[PDB]
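Read from first to last, the chains carry the letters A, B, C, D and E; within each, the first residue is number 1.
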Amino acid sequence: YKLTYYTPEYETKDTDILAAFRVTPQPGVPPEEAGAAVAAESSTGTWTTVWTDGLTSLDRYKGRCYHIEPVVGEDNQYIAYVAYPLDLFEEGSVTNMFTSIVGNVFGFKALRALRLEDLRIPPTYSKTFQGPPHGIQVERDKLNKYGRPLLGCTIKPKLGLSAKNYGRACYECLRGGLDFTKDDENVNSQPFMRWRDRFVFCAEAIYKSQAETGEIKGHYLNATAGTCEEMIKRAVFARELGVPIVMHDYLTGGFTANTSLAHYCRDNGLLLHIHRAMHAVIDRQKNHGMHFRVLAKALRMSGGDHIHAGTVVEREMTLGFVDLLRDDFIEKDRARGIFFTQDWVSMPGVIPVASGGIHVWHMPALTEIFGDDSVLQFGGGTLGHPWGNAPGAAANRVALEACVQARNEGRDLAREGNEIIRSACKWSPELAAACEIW
Amino acid sequence: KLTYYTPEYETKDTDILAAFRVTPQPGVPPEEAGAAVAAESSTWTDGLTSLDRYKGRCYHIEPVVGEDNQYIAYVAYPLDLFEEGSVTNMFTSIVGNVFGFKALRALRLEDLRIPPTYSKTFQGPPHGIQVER
Amino acid sequence: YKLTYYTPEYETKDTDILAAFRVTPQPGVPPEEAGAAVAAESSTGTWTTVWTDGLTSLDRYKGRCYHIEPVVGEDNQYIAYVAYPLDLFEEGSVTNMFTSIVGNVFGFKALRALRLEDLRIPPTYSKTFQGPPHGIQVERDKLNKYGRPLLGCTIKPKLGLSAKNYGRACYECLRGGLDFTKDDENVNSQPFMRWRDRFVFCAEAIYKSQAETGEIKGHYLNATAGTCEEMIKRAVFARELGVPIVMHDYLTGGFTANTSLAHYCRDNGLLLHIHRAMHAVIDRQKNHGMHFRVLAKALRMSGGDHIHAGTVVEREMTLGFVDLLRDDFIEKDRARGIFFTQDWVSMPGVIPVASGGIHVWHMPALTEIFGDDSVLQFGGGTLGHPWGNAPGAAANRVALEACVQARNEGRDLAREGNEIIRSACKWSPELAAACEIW
Amino acid sequence: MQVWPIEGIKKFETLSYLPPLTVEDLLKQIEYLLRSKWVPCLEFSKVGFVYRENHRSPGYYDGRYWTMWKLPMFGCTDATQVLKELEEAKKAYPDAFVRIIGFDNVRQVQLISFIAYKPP
Amino acid sequence: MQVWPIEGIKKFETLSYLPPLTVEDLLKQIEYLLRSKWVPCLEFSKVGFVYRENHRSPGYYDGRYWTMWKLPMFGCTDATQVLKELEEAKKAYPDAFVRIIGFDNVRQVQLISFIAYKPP
């Protein structure tokens, strides 16, 4: 009923897991019934009475809709706030958190559409999670890299390259100034290139580029696989090769597998780059699904050192979950999609990874928008350079460092960006060539 | 009094709290003895971090009625000082050093407020009363 | 009764474990009854008769109080001597020795206070223990260090440093002349610094300092953990890194875990630095508890290569258990707290570790009091040097070696100490700077 | 079309792909640390780059640590006094690389490192 | 404020942070061994310090052993005769480090080692 599950005078406990749903009720369903239904069908709802309820105190196990209000978003949409008791969730299990909250309610007939927008993860629950294998600061210390965004490149063509030609592209990108190169999310082990061959040639490229430049280099070696045994086998060989970073598609691989890999990476000193493949199946539409900030919080709990975070070329929403991924304490700010004040009680942060159509002219905006604690990934922005991968990497490293220098001097990146880039073009023929084509 | 006697500090829900029965040496005021219990059980390299984030602080001192020169010192330890799931480290952190401090003639740890945030990192009893029955 | 357990004409056997208790009886309890009660309630005492005693010969399993005498210590205190049969104790188990002797008797109502002062560990029992993984002489040979006290520094701030900044302090201390740096006893694995990150950066500091100076360097990497599995995992990674020494808080970790770690260290060539965290909970008060010399004997049996032994800035008591920790044969000497002649039948000795407010001016007294077979730990005595950690280490190494030289020449350290230090200040600007502030 | 050099342009992380900074540019980078309430510190080494001599496990490298020049300059308000220690370092070790690093007591970490002198 | 050197002051364990000993200071250290009934012995090497070439397991280092100059000087009563072998060693191997070590038959161990000559 309503007053069992719609409890608008409920005061949330500091141990509650809070959820903010964007609910679109069916026509004729009043908001208080939709709100009670979201809480009931995501906890203790039953269509008929059962005698076993007399063996316990169910009110201690129900979810409660303690607030619902219309949103200015589209037809007949509301935000329903739900509180879930701490005892419902298995410790250290993102899998059980998702199952418990989003496992059933999205299919209820009286709800025409439903989207989970945010979760308040209390310290009593988040402390049962390891979190990132290392996190932002440990990664900077391990790589000896400070004071600028990190730089990466996605190797293309995505599929069709031999393992050796893959590693050849990686070496040329790394030697030009990029910190990382990247296995495509689709690149696991395939007839055109088997994973162990790729790991071998990519390791040779990492170490050749590192010896030539004197800076620590990496390549996200994708350990995503069809079974947890294959996944760990690929991480084990990366450990043997002694490389700094591996990679996992956490949504398609799954949280149970991802949490196991994060535990391995912590146990063996490997950084974990996380790709969000298939996220748009879930997080694209405003009316139904789960916003990416929910999937971003879940990755930080399950474990990852990087996570892909999209582009800026909507910005304030992106800045919202960047803060949720990086910071220790994030104040409530619904204008940026932050529906709950989030305290991570010293769980390490995740480096967001910007990627999508980014080239050299975007470097001022990216450095200003994300700050130093990010990775800027280039696709054709490096490989499409007319002089090749190493000059393309040099153009991106030069463009970035000219932005960092100007920002450090107190200059305004959002307004002086084009002139900062043009000025750097004067002493970098590599950067000039990139700016002539883009 | 020192940077370790903070009599109006509001405990956090994540703090581990301790109640010490402190017997100061002759000529040691209870305020000074209480600050020493917080300091000796917690805290150029200091400029590379924030010490106030990692100090234990004595936030309350009261006398023991019926015993002369006995006081209860309440100390708050931040959650970040303790390894998850390790009673060994909780004992090491809180009782590892302070009982030997010369300014304290005697010291007895009477109680510990184990915050739910810390206790949830422990398995606890293999079964417990109700499972066993 | 008295004559079952107070047996003043008993002649102790060479297989007996002997105990010396400082007993404070309740008012009205005569000393012979207190003595019988200490023996009875630490062996075969029963409040009612049981028929099962007829199935054995209990006199062969009882403890015997064979002597009791008043002590000049405080009100109504006595020393009760108890003999325990060898068959009572599990071989190789300090845990069972403590359980058997101190497990129950301290709570007996008729005893207002009780303190175990000393134990006579017979060769027939001590030979069932491995003892120190290496011991004083093996350690000197492994490190190629002879003829002077070893030098260490406790890294501060105790908590709050990142793993890399921790290792940076370690490198600067080691490169200046110290043999060791030290994980704090509280430093295990915490949100501010996870243990594997610390081991990595501390290993880099060890090897950078060793390559720069040409002397073997170490850092006590703390393996203390919440479970024996975590403890061994940390020792295993130190073994992989190939470093010389790890560390354990033997009292808070416990003797069962410590004996397992000592066995691992012997099996893998690791030195074991032992911290005595929480000892003052037990050994501070004269009237109740267990004196540190008991806990020191137990550590030597369970296993450790160093043990923290306090300061001298009471000395004769400290010198007593230093001898009990280091020597093969220690004659009875109650003025120094040695209640029993102790024969270790070639079980290796433990290097005592002096620590607490020690700075350069104390180097003559420390070298004279402890001799060469010690470790001198500095806190602010190194890190508080106005020129930094490396000049602070240099000041301590210079001060120590000037003391060793003067002592080797036959000079009197207890009387000429200040002039030996002042004379060394003349050619060591590093030492001069330390002596200007302290 | 130019070929990116394979020798003579070994790097020192942030700002080492820029041309050598002027003394005014260098002071501006120092003032950035001071305005940010970060503590500057100098580091020096005769070996410029990372290597893997003692171990090759993930995340282990040698040569990340350099040697501290004196102490971090807590309470510094004069960017030129950092420049003054840089010239002191270069006069004592003309054959050493010198980089300027920065510590934050708030983030509790090192967060800055850029090259300030290379030997000829 | 002085910066502790990074080169030119490599060390040889006990007494190597002192200034170079005079011949009288050196004899006093030798007399300490004799008065202690310890047997002096000379050791020499053209490689001064430890390294890890054959293994890197805990407690394994190369370069701890040097080469024995002749034999331990059992029954020595004249500290100058140790000095006489030191000069012999330096004349035969001017390019070798020479250290003086000591053995005790009672502790059954080596318990002394200090540098006595470095090549220029």
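For the reader, a short list of remarks on this structure follows.
By definition in this document, a contact is a pair of C-beta atoms (placed from the backbone, for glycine too) under 8 Å apart; a residue touches a chain by one contact, two chains touch by 3 or more.
Listed by label, the chains that touch chain C and also chain E are D.
Looking for a copy of the C-E interface in A-D or C-D, one arrives at A-D, which has over half of the same contact pairs by residue number.
Among the pairs C-D and A-D, the greater number of C-beta contacts is found at A-D. A separation of 32 Å divides the Cα centre of chain A from that of chain D. With centres defined as mean CA coordinates, chain E is found 60 Å away from chain A. Inter-chain spacing, taken between the CA centroids of chain B and chain D, is 41 Å. Multi-chain contact residues of chain A (touching two or more other chains): 137, 141-142, 269, 345-346. Under the contact definition stated at the top, the residues of chain E that touch 2 or more other chains are 1, 3, 6, 52, 56.
Every pair of chains that touch is listed here: A-B, A-C, A-D, B-C, B-D, C-D, C-E, D-E. Chain contact summary for the complex, chain B toward chain C: residues 42-46, 48-51, 53-54, 79-89, 91-93, 95-100, 106-107, 109. By the touch rule above, chain A contacts chain C in their complex via residues 134, 137-138, 141-142, 266-267, 269, 345-347. Across the complex, chain D is touched by residues 137, 140-142, 144-148, 175-177, 210, 212-216, 238-239, 242-244, 268-271, 372, 386-388, 390-391, 394, 397-398, 401-402, 404-405, 408-410, 427, 429-430 of chain A.
By the touch criterion stated above, chain D contacts chain E in their complex at residues 44-46, 54-55, 67, 69-71, 92-93. Of all residues in chain A, those touching chain B in their complex are 14-15, 91, 123-125, 127-128, 345-346.
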